[PDB]
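Chains as they are written, first to last, in PDB author numbering: chain U, 441 to 480, 492 to 604, 613 to 734; chain Z, 588 to 604, 613 to 855, 867 to 1153; chain D, 1028 to 1153.
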Amino acid sequence: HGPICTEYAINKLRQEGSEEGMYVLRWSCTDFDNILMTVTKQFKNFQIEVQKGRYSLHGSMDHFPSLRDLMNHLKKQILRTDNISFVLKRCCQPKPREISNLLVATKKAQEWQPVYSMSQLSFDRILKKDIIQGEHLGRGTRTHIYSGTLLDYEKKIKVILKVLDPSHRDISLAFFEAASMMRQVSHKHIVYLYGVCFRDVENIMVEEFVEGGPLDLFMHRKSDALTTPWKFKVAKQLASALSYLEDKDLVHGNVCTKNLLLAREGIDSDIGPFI
Amino acid sequence: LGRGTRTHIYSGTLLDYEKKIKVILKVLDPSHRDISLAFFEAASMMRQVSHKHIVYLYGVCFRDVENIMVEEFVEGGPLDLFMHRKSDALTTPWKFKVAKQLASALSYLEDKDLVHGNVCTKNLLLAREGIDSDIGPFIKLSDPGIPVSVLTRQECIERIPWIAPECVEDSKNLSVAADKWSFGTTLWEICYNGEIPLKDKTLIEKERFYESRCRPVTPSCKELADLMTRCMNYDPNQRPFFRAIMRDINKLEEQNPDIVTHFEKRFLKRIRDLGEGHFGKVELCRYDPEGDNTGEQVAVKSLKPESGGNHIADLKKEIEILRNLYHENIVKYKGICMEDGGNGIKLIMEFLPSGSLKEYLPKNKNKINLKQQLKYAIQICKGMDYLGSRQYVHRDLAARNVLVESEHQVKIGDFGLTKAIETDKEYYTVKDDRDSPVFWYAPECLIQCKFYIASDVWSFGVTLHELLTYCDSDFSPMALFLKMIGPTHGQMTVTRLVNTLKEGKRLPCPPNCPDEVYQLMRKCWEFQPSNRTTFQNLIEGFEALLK
Amino acid sequence: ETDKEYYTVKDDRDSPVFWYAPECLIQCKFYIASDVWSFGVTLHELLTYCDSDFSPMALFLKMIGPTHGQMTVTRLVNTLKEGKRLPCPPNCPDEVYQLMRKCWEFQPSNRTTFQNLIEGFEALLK
Ligand SMILES: Nc1ncnc2c1ncn2[C@@H]1O[C@H](COP(=O)(O)OP(=O)(O)O)[C@@H](O)[C@H]1O
Ligand SMILES: Nc1ncnc2c1ncn2[C@@H]1O[C@H](CO)[C@@H](O)[C@H]1O
Ligand SMILES: Nc1ncnc2c1ncn2[C@@H]1O[C@H](CO)[C@@H](O)[C@H]1O
């Protein structure tokens, strides 16, 4: 790390568990040729001199050519400190957009601060008379999906409905915070949820329908016709979608080909497919 | 703490919110999970409110399938019984300030365009007493609860006069204007010591009252009558506003120097499961209307939600057949608790901590001598003889159904299977499809559904074989019959049972059974009911055994 | 199994008791001759076109009087030991009835084989 204040790094040690063996490296706020490490209850600091690209610990007559060469060397020894002794086990690394003293607070960047929803779920209900249940489409992971059509939202719009399996109503929690977490997302590469439906005991996520279908069998069918820029753009757009997802501190544990659904074909012409 | 409108409430305590704070939890009834919607938008609507006269909800709890509203606890309790208890000590400024603060709370409610369809004394909970000193009591408004829009048509008529006739005509006509009607109803209620309004009036009479467009109730004061008529308007759009009510009451309070055998589900404190059958379930409950845990433990029988109407009628029959019974060796009946809509009924018996002989005997090996279970047999014979003299056949005479009241007395229960015989027949024929103790029945009771008073002699003999052997699982008539009939299988069992019985097979001599006891005892299972003994003869023989 | 002449049931499951041979009701013993009884019941169903009015359920019920769930198999066994069987189906030929009633002999050893049934039926074709 750079010249980050002591309180920041001390707090960082608390979050992981403050177990003996961890350590954090950051540049000394006063000296350009010295790195300081904080080890950890006790919190011991240690300084290392870096001269002419050569690395060595203060009080030690030996020297090492690389910082990694230096720090790897001390991995296999015991450290004596007054009466207490310990062995380092693991380092600490930076985190995305980690708030610290080096950052500058501005009015325009304030609007981009993430919202606080640690214990909040919001969702919109869909009246049971506003939907039409259609034919089945296949059973998912403890989930059944039928054909759907929404009315009075234009009107008579085909939608996708998903029914949680009655054998697993105990997991209606994950059901709820999965239906809720998609309310906050807003990107062209993500599905659109009109809301949730309530009747009797079962429930439905009314999601966007796309005729393109999943890319799995699509790619399975015309492999010989595929091109290289095709997969380049396919990868880059889903990578951008994942960057958007991580930009809102949200997790998607099902990043797979089965969760990649095509929108447009574009194979025949210069236009690119959409997923 | 007591059952609400399809809701159960237990004691609660929240941790790591200070810590170790007592809270109030409310559990929606599993029989009505279909109404989890109104549940949800009732739990949500209280998130937006913020006033000192309203409850505080810490949130909602999730686990398995059930859910809980964690609400604020107050030791003051509801104002209903509070006002009931010290009516003679009440004062006029007391009710003035009580009315004005709840009116201010209702104005706050209408200021946020929210509806509360349960403005009643039962939803008024006290916070501080203040009677002794100049400080005034504090009350706070509770949750709206289940909406009336889902109540039955019958359930829409018991809320009279608290319910507005507009919602009665159509539930869709609900609006904030109906809150003033409940407000005026409560105003009248607090003016007469909380007396039940429109009591001694049938449902049809209340409907006639609404349709006749007559005044529901009148006070004895001119100004009170004026203000009530001003707030008791059949036109919802003509009802004046709350701030007008506050100004009127503030004017008048200075203008007037002169001051002038049923059980409630809310008082049923369930403790622990007492007994579950194929169609019904018995719970252990404490009836504590005072809320001080000084109530009386009672045994309550209930039916599972998926029970049919035929089983409902069977249960009702159970009530009336037991109601006219009165004997020292039978379960005691006290009253009946009604559920909302008339679709549910609770049967209340006596809870005996001694339990039944099935459980009492195994834990009491050495303290019963032969004389004691001989007395028990005398008691059971007397109970059946009383029942037979009333032309009833219990049809479920089992030691598990023989409740114990003391080490000198037992009682008989589980009368859900008891049937009366008509005045011009010698037996009864069963029609209902229900599991039955086939091992406790006489051969005719297995072959032709024919049940006599001599049939209960067979059941008594089985129960005595149970009793003298101290109700041993090792010697259970279930297992004894099973082993004497070989490996049998469910539907198969009764067949081979009949086969062996026609072969002259019976239960063996119980351990250490005296020869005279065995002789009189085997007399009970003669094949022909006409050749079977009577319970008067059994009592005579047993008492001779005492001599 | 390779060294037995029948089978004994242990699992607790609802079973078509009206379709079973007397040993299948009394001792859980199920033979290949046991399926001859079931075939005869099914043929009584088939020739009568599977009539609800002539259902073996209802036919047996009415020949055994008013019975009741757990009670039914008892009286069923009683009547069967009395020599009672399902009646002649409507318009059933005399030879068809003769070969057909052969299926419900009380002793499984005295019950016919399905090869014999096929032979008799094909002779009926001729
Ligand atoms: N008054 C009572 N006191 C104590 N236990 C009771 C009482 N009434 C019923 N029970 C318990 O309920 C269980 C079942 O009761 P019973 O009415 O015999 O059968 P069912 O299961 O049909 O209700 C028994 O084990 C008995 O211990
Ligand atoms: N979220 C979805 N959007 C569009 N189509 C879907 C979705 N989930 C499943 N399908 C359709 O279901 C079928 C396979 O599950 C395919 O026709 C696929 O297009
Ligand atoms: N919301 C509530 N806050 C405080 N006490 C309550 C509440 N609901 C019920 N109770 C208590 O339950 C009992 C009667 O239901 C009384 O002791 C009453 O105080």
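We put the CB at the ideal spot given by N, CA and C, even for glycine.
Could you check if residue i is buried or exposed, using at least 16 other CB atoms within 10 Å of its CB as the buried criterion?
| i | result |
| --- | --- |
| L953 of chain Z | buried |
| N552 of chain U | exposed |
| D1121 of chain Z | exposed |
| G1092 of chain Z | exposed |
| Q564 of chain U | exposed |
| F1066 of chain Z | buried |
| residue 610 of chain Z | It's not possible to place residue 610 of chain Z here, given that chain Z moves directly from 604 to 613. |
| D1020 of chain Z | buried |
| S995 of chain Z | exposed |
| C943 of chain Z | buried |
| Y604 of chain U | exposed |
| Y893 of chain Z | buried |
| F634 of chain Z | buried |
Residue range of the beta strand (DSSP E) that residue i falls in?
| i | result |
| --- | --- |
| residue 606 of chain Z | Here chain Z is numbered 604 followed immediately by 613, so the structure offers no position for residue 606 of chain Z. |
| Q498 of chain U | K495 to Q502 |
| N474 of chain U | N474 to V479 |
| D1039 of chain Z | Segment: none, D1039 of chain Z is in no beta strand (DSSP E) and carries neither H nor E. |
| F733 of chain Z | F733 to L736 |
| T594 of chain Z | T594 to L601 |
Who are the Cβ neighbours of residue i in its own chain at under 7 Å, not counting the five residues just before and after it?
| i | result |
| --- | --- |
| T532 of chain U | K495 |
| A1048 of chain Z | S1061, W1064 and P1135 |
| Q997 of chain Z | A1026 and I1027 |
| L1070 of chain Z | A983 and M1127 |
| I925 of chain Z | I942 and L953 |
Could you give the distance in angstroms between the alpha-carbon of residue i and the alpha-carbon of residue j?
| i | j | result |
| --- | --- | --- |
| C762 of chain Z | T780 of chain Z | 16 Å |
| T716 of chain Z | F836 of chain Z | 21 Å |
| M678 of chain Z | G789 of chain Z | 7 Å |
| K1031 of chain Z | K1025 of chain Z | 13 Å |
| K1129 of chain D | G881 of chain Z | 52 Å |
| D629 of chain U | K614 of chain Z | 29 Å |
| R1040 of chain D | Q1097 of chain Z | 9 Å |
| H711 of chain U | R590 of chain Z | 43 Å |
| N949 of chain Z | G1110 of chain D | 50 Å |
| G1022 of chain Z | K1037 of chain D | 33 Å |
| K492 of chain U | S458 of chain U | 8 Å |
| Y448 of chain U | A556 of chain U | 17 Å |
Where do the ends of the alpha helix (DSSP H) carrying residue i lie?
| i | result |
| --- | --- |
| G1067 of chain Z | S1061 to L1074 |
| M1084 of chain D | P1083 to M1090 |
| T1099 of chain D | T1099 to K1108 |
| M827 of chain Z | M827 of chain Z -> no alpha helix (DSSP H), and no H or E assigned at all. |
| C762 of chain Z | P760 to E764 |
| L697 of chain U | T687 to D706 |
| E1149 of chain D | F1141 to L1152 |
| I936 of chain Z | Taken as a continuous stretch (DSSP letters only), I936 of chain Z belongs to no alpha helix (DSSP H), as it is neither H nor E. |
| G989 of chain Z | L976 to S995 |
Can you list, in chain order, the residues of its chain with a C-beta nearer than 8 Å to that of residue i? Leave out the 5 residues immediately preceding and following it.
| i | result |
| --- | --- |
| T1035 of chain Z | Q1054, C1055, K1056 and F1057 |
| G725 of chain U | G731, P732 and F733 |
| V618 of chain U | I582, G599, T600, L601, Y653, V665, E666, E667 and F668 |
| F1045 of chain D | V1068, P1083, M1084, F1087 and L1103 |
For residue i, which residues in chain C fall below 9 Å Cβ to Cβ?
| i | result |
| --- | --- |
| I1053 of chain Z | Judged by its chain identifiers, the structure shown contains no chain C, and its protein chains are U, Z and D. |
Among residues of its own chain, excluding the 5 on either side of residue i, which ones have a beta-carbon nearer than 6 Å to its beta-carbon?
| i | result |
| --- | --- |
| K938 of chain Z | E956 |
| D513 of chain U | none |
| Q903 of chain Z | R892 and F957 |
Please determine if the segment 965-972 of chain Z and the segment 896-914 of chain Z are in contact, where contact requires at least 3 C-beta pairs separated by less than 8 Å. Pairwise C-beta distances place the segment 965-972 of chain Z out of contact with the segment 896-914 of chain Z, as fewer than three of them are shorter than 8 Å.
Is it a yes or a no for the segment 646-655 of chain U touching the segment 573-581 of chain U, going by three-plus beta-carbon pairs under 8 Å? The segment 646-655 of chain U is in contact with the segment 573-581 of chain U.
Inter-stretch contact (C-beta, 8 Å, three-pair minimum) for the segment 757-773 of chain Z and the segment 820-836 of chain Z: Contact between the segment 757-773 of chain Z and the segment 820-836 of chain Z is present, because at least three Cβ pairs lie under 8 Å.
Taking 8 Å as the threshold, find out whether the segment 979-990 of chain Z comes into contact with the segment 923-939 of chain Z through three or more Cβ pairs. Between the segment 979-990 of chain Z and the segment 923-939 of chain Z, the count of Cβ pairs shorter than 8 Å is three or higher; the stretches touch.
Do three or more CB pairs link the segment 1138-1147 of chain Z to the segment 1107-1119 of chain Z at distances below 8 Å? As far as the Cβ criterion goes, the segment 1138-1147 of chain Z does not touch the segment 1107-1119 of chain Z, which means the pair count is below three.
State whether the segment 738-747 of chain Z contacts the segment 791-811 of chain Z, with contact taken as three or more CB pairs (one from each stretch) at a distance under 8 Å. With contact defined as three or more Cβ pairs closer than 8 Å, the segment 738-747 of chain Z and the segment 791-811 of chain Z are not in contact.
Contact between the segment 500-514 of chain U and the segment 535-549 of chain U is defined here as three or more beta-carbon pairs at a separation below 8 Å; is this criterion met? Between the segment 500-514 of chain U and the segment 535-549 of chain U there are fewer than three C-beta pairs closer than 8 Å, too few to call the two in contact.
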